[PDB]
């Protein structure tokens, strides 16, 4: 990204540190945990609110040395008081702005926030899992500030977990104990920590809500799908993603050799020898080369990331994905806790920057064969079927006659978000307690208040509600500002945090006490529903038929002759 945003980022980083100092108080405090006592500190917000802040709480031992690529291990307990008045480093990743690798293998921490350490009642516990394609992201408050949430009486917790190769390497060989999904297992162990530790911070361990956006939504869903976590939490919110989005899973067992060879491995394709090499490599080296691992073929079949959540090739004590996520839904304990799901009104706008550098992508819409679900597509995407299935995609998204960039981004909304949501709901309904799932559609557009994701997708001046635009209304970030309390932006912040806290508290997102919601009557989806209804969140809160419904059904019709695969 341009030098100009790099210099502006540097300064906004320069501001964020002085401001972070300015909003601490000299009030320090100490909480008990099962692994030892922790020293927090009270902080302020631009809205003159205050909250206790505990950052850098380890829930696992540092996945370094021999622990790299392995499932996480219980951290080592301490006497005395561990300092938690500051945040730890982020997972090793490529900074999208600097271009350079940053972060650390020592990254397995969570941050706990609450306005009152001694509440009159035990509070609902909200656990956020950040997105970023399982390759970027942080729990640092410069991107995920708890400032909006702590206005209300809850305990908010943001976790970190290993990213990219270091989190999701997977080897076919049972001897080596790298089945995969380390990053997910970080999450499992962190949730296990929260269930055993939130009460110490004033949180009701019997009322825990896990939520995340994008890869954090996928992650939340995985945490709802895996037997490792049954009964850990009690509500789930999937923001713009779930476990069966095609970008949320990959069979990457063969990609460990390619990474090694990119890193200069000399030798043969042997799981043991590849691992021995990857074990000694510099972390920054593997992570930076990660961008080169996918073949031209993979990219063409829309494989988004080389390493990510995977179906583990052999079971272990800590295994998390023994079968395909579509399969794991069958017996998913999470099918039977209140669920809320949603997408933004223009998800695909997220790919603007990628289109800019590769406008030839738009030419893929002339037949759309490359977007047919891979499980239905033939290898060459030349079969007449594949062309007929593609025509269905084309009919649904190509509006003129030479396909456009907007058509392309409109298509992306469905292949990556709306259609996997549909498949999930339909799949889940056959295997459920009858527990309610609620839909929202985030449709609020503004540039008065943004977040860094807008810079990454080149969305400056750009209208429409992109993937991740709603994060602005949930978390403080270093590009934000104090808004007038009568502004539409400030109003959305109250609404979004309101409904999220309402749903967390009660398993039902509706409350008459949330402004703009008096005439709302928000029903969940029922198995018998022909048409999904959703709370559309704009300047007005309005229950509507999901506008994307006709296109969703159009995608579903590709499965006409292959209903078992739907």
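Positions refer to the first chain, counted from 1.
As the entry records it, the average C-alpha temperature factor is higher for 428-436, out of 428-436 and 258-266. Judged by mean Cα B factor in the deposited record, 483-491 ranks above the other of 483-491 and 279-287. You'll see in the entry that, of 534, 514, 501, 537, the Cα B factor peaks at 514. Between the residues 441, 90, 299, 463, it is 463 that shows the highest Cα B-factor in the PDB record. Residue 12 sits in the highest third of its chain by CA B factor, as recorded in the PDB entry. In the PDB entry, residue 141 places in the middle third of its chain by CA B-factor. Among the modelled residues of the chain, residue 314 sits in the highest third by CA temperature factor in this PDB entry.
Among all modelled residues in its chain, residue 380 ranks in the lowest third by Cα B-factor. Sort the modelled residues of the chain by CA B factor and residue 360 lands in the highest third.
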